[PDB]
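Fold and geometry: a report
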There are 2 protein chains.
Amino acid sequence: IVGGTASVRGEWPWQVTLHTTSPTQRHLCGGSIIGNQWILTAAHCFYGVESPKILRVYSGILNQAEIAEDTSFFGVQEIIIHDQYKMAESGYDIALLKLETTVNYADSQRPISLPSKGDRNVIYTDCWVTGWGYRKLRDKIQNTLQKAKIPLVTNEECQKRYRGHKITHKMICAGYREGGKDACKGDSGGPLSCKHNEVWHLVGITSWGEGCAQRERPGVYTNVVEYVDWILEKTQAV
Amino acid sequence: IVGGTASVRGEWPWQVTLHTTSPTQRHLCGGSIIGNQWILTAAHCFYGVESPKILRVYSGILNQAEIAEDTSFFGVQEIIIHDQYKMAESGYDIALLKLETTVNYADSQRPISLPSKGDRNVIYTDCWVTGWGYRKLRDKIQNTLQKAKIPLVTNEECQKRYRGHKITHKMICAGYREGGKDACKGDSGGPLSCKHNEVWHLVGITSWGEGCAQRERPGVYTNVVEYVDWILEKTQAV
Ligand SMILES: O=c1ccc2cc(Cl)ccc2[nH]1
Ligand SMILES: O=c1ccc2cc(Cl)ccc2[nH]1
């Protein structure tokens, strides 16, 4: 996260850090708890990931220093990528992780509500992007979970800023005209969380941008409400 | 290493990478093979290291990507720190690691010769500092082992550049007046290797500097020849 601040412990209790153990263990991407066995994240996080066995999901984390060889984690039983996903910049940047065991909800770990189709008209004015990613384009993973409040921009505005792309209604953009606050490398798959009528909603999934926090380059997020049917379909038993 | 280049595989076969496994595994410092059970490194590398059990020594490495959970390593049986060591900037920045098993020498892993007391008069003109450390003061560990050729400076010259320190005859300095090539964070404990009469000698141990590669700030190294008695004393059986 560029231009953000350190989070209060457990103020984003749906935020997980997804590690890979290959070759040695490291943070890979963010994610969000959406059900007892389900993390919502970005499809592009799994480039070159050939098996779920090398994945570990860590809930209830503020600082990456909390994560040691003795720290409990959730194994991944299945990676589900959207069948239309090819790459972040063409959309469908969405995946589910089915965990090997169920999360026991507590104050430090609980699920975020999915956006309602009836809230598409809702102007979300209180949105935050969170993660352990870079503070600048060339940097490293941050110890403490960072947050930044970022205004949504309209899809029309966002299209003017990415003239070589197709910004579709399955994407949602957020940023300041002058830049300075944004997601960056390592934040992908994490939430864009918007508080509306005292409830937190998972409005977007951190997906891509041109650089990080640049003037006139809004962050591009997966527009989660366009995928609630897909999520329902994919999270049913057998 | 600042201002260096990628090494040829195994051109520094005495160079090891010392990892810590706590909290998760990462490169800690460089080191040099000086005997079948012995790595020479910097005392200051062990700040906060309470047990040798969390140390792993990896020989025969060019790229950090080679190191995975299935990669063979040497355990550390004992950390021996100079009894006069307090901190890098006051000298005695030297330690031995006694390995749990013996290294089998090969083309990719073999010991570097210690400098001779008779070579103190020798003007070493072919010296190289090597490691996986930062390319700039705020950066991260590099994948490929870097090298940089660096001229030794006299202890008199070095003292003029560090007026708030005591540069003693137990230190040796190396750098360009204009800066630009130097060791940096993560290179400590590694060799300053000087080739003389077709033989490589371990002249220094990467220890400290003010920043990395700055104008008029030579790298400061442990002057290994001042410690050959100590090394002999500490590497004897029982
Ligand atoms: O480099 C990056 C990687 C991800 C990324 C994600 C958003 Cl949402 C914005 C900028 C970004 N920049
Ligand atoms: O930050 C650092 C750390 C180690 C270090 C070592 C030498 Cl030899 C020179 C500069 C240095 N700068």
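Residues numbered from 1 in each chain as written, not as in the entry; some residues may be left out. Chains lettered and ligands numbered in written order. Heavy atoms only, no water.

1. A short note on empty space enclosed by the protein
Enumeration according to the criterion identifies 6 cavities of 30 Å³ or more in this entry. Taken as a whole, the largest cavity holds about 80 Å³ of empty space. Taken together, 13 residues make up the lining of the largest cavity; nearest its centre are A:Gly10, A:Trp12, A:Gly60, A:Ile61 and A:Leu62. Tallied by class, the residues present in the lining of the largest cavity amount to 6 nonpolar, 5 polar and 2 charged. Looking at which domains feed residues into the lining of the largest cavity, each of domain 1 (1-12 + 112-226) and domain 2 (13-111 + 227-238) of chain A gives three or more. For the second largest cavity, the calculated volume is near 60 Å³. Considering the residues around the second largest cavity, the lining is formed by B:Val8, B:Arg9, B:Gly10, B:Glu11, B:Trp12, B:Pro13, B:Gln15, B:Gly60, B:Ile61, B:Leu62, B:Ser108 and B:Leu145. Broken down by class, the residue content of the lining of the second largest cavity amounts to 6 nonpolar, 4 polar and 2 charged. (1 Å grid on protein atoms, 1.4 Å probe; cavity = no way out; pocket = protein on both sides within 12 Å on 5 of 7 lines; lining within 4 Å. Points joined across faces, edges and corners; volume = space filled by probe spheres on them. Nonpolar A, V, L, I, M, F, W, Y, C, P; charged D, E, K, R; others polar. Domains from an automatic or database assignment.)

2. Here we look at the UniProt feature "disulfide bond" in chain A
Residue and element names in this part refer to chain A. The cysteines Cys-158 and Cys-173 carry a UniProt disulfide annotation, and their SG atoms are 2.0 Å apart, under the 2.5 Å mark, so the bond is there. Placement of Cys-158 in helix α1 (residues 155-161) and of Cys-173 in strand β11 (residues 171-174) is noted, with a sequence separation of 15 residues between them. Here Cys-158 and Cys-173 have matching classes, each one buried. The sulfur-sulfur separation between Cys-184 and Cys-212, a disulfide according to UniProt, is 2.0 Å, below the 2.5 Å limit, so the bridge is formed here. Of this pair, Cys-184 sits in the loop between β11 and β12 (191-196) while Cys-212 sits in the loop between β13 (199-208) and β14 (219-223), and the two are 28 residues apart along the sequence. Under the relative-accessibility criterion, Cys-184 is labelled buried at 6%. (Disulfide = S-S within 2.5 Å. UniProt positions renumbered as here; feature names shortened; annotations may be inferred. Helix = DSSP H or I, 4+ residues; strand = E, 2+ residues; numbered from the N terminus. Buried < 20%, exposed > 50% of the residue type's maximum accessible area, 1.4 Å probe, protein only.)

3. Quick look at the side chain of B:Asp93
Residue and element names in this part refer to chain B. In this fold, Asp-93 is placed in the loop between β6 (74-81) and β7 (95-99). Here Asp-93 is buried and forms no salt bridge, its nearest opposite-charge partner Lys-185 lying at an N-O distance of 13 Å. From its side chain, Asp-93 meets the backbone nitrogen of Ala-43 in a polar contact 2.9 Å long. The residues contacting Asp-93, other than those within four sequence positions of it, are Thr-41, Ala-42, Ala-43, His-44, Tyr-85, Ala-88, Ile-205, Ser-207 and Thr-222. (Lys, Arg positive; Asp, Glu negative; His and termini not counted. Salt bridge = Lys/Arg side-chain N within 4 Å of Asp/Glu carboxyl O. Polar contact = N/O pair within 3.5 Å; in protein donor to acceptor, adjacent residues only side chain to side chain. Contact = heavy atoms within 4.5 Å.)

4. Examining the site of ligand 1
All names here are of chain A. Residues in close proximity to ligand 1 total 14 residues, the closest being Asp-182, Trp-208, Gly-211, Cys-212 and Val-220. Measuring from a nitrogen atom of ligand 1, one finds a backbone N or O atom of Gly-211 at 2.9 Å. A total of 310 Å² of accessible area belongs to ligand 1 in isolation, and the protein chains cover 90% of it. At the level of elements, β13 and β14 are the ones that each hand at least two residues to the shell around ligand 1. Partitioned by chemical class, the residues of the shell around ligand 1 number 6 nonpolar, 6 polar and 2 charged. (Near = heavy atom within 4 Å. Areas by Shrake-Rupley, 256 points an atom, 1.4 Å probe, with all protein chains shown as cover.)

5. A few points about the packing of aromatic side chains
Residues and elements named next belong to chain B. What the rule picks out here adds up to 14 aromatic pairs over all chains. An angle of 75° between the planes, with centres 5.2 Å apart, marks the rings of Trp-12 and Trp-200 as edge-to-face. Of the two residues, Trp-12 is situated in the loop between β1 (5-6) and β2 (15-20) and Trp-200 in strand β13 (residues 199-208); the sequence distance between them amounts to 188 residues. The same class applies to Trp-12 and to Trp-200, which are both buried. Taking the centre distance of 5.8 Å and the plane angle of 80° together, the rings of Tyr-92 and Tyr-227 count as edge-to-face. (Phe/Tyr/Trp six-rings, centres within 6.5 Å; stacked < 30°, edge-to-face > 60°.)

6. Description of the UniProt feature "active site" in chain A
All names here are of chain A. Summarizing the sequence annotation, UniProt attributes the feature "active site" to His-44, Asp-93 and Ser-188 in the numbering used throughout. Spatially, the listed residues are clustered: although they cover 145 residues, their C-alpha atoms lie within 9.8 Å of one another. Examined against the element boundaries, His-44 turns out to sit in the loop between β4 (38-41) and β5 (55-58). The exposure class assigned to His-44 is partly exposed, which follows from its relative accessible area of 22%. Dropping the residues within four chain positions of it, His-44 is found in contact with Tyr-85, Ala-88, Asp-93, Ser-188 and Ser-207.

7. Focus on the interface of chain A and chain B
Tallying the contact residues gives 11 residues for chain A and 11 residues for chain B. If you look at where chain A meets chain B, you find 0 salt bridges. Our count for the chain A to chain B interface comes out at 4 residue pairs in polar contact. A breakdown of the residues in the side of chain A that touches chain B according to their chemical character gives 5 nonpolar, 3 polar and 3 charged.

8. Details of a negative patch on the surface
Together, A:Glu69, A:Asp70, B:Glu69 and B:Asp70 make up a region of like negative charge exposed at the surface. By the secondary structure assignment, A:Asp70 is in the loop between β5 and β6 (74-81). You can call A:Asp70 exposed: its relative accessible area is 72%. (Patch = residues over 30% accessible without salt bridge, like charges linked within 9 Å, V, L, I, M, F, W, Y side chains within 5 Å. Charge placed at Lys NZ, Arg CZ, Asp CG, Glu CD.)

9. Description of the sheet that holds β11(A)
All names here are of chain A. The sheet built from 8 strands is open, its strands ordered β1-β9-β8-β12-β13-β14-β11-β10 with antiparallel pairing. Only two strands of the sheet have a single neighbouring strand rather than two, namely β1 (5-6) and β10 (152-153). Alignment of strand β8 (residues 127-131) against strand β9 (residues 146-149), held across 4 bridges, turns out to be antiparallel. Across the sheet, residue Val-129 finds its bridge partner in β9, namely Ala-148. (Pairing = 2+ DSSP bridges.)

10. Here we look at the sheet that holds strand β3 (residues 26-35) of chain A
The antiparallel closed barrel is built from 6 strands, whose spatial order is β2-β3-β4-β7-β6-β5 (chain A). Strand after strand, the sheet turns through a mean of 40° between neighbouring axes, direction not considered. (Axes fitted to C-alpha atoms, helices over the stretch in contact; angles between N-to-C directions.)

11. Digging into the pairing of strand β2 (residues 15-20) of chain A
Residues and elements named next belong to chain A. With respect to burial, β2 is a largely interior element, 6 of its 6 residues being buried. Burial of β2 is two-sided: the residues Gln-15, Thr-17 and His-19 facing one way and the residues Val-16, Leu-18 and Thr-20 facing the other way are all buried. Sheet analysis places β2 next to β3, joined by 6 bridges and oriented antiparallel. What sits directly across from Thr-20, in β3, is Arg-26. Hairpin geometry of β2 and β3 is characterised by an intervening segment of 5 residues between the two adjacent antiparallel strands. Taken together, the 4 bridges between β2 and β5 define a ladder with antiparallel strand orientation. Paired with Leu-18 across the strands is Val-57, a residue of β5.

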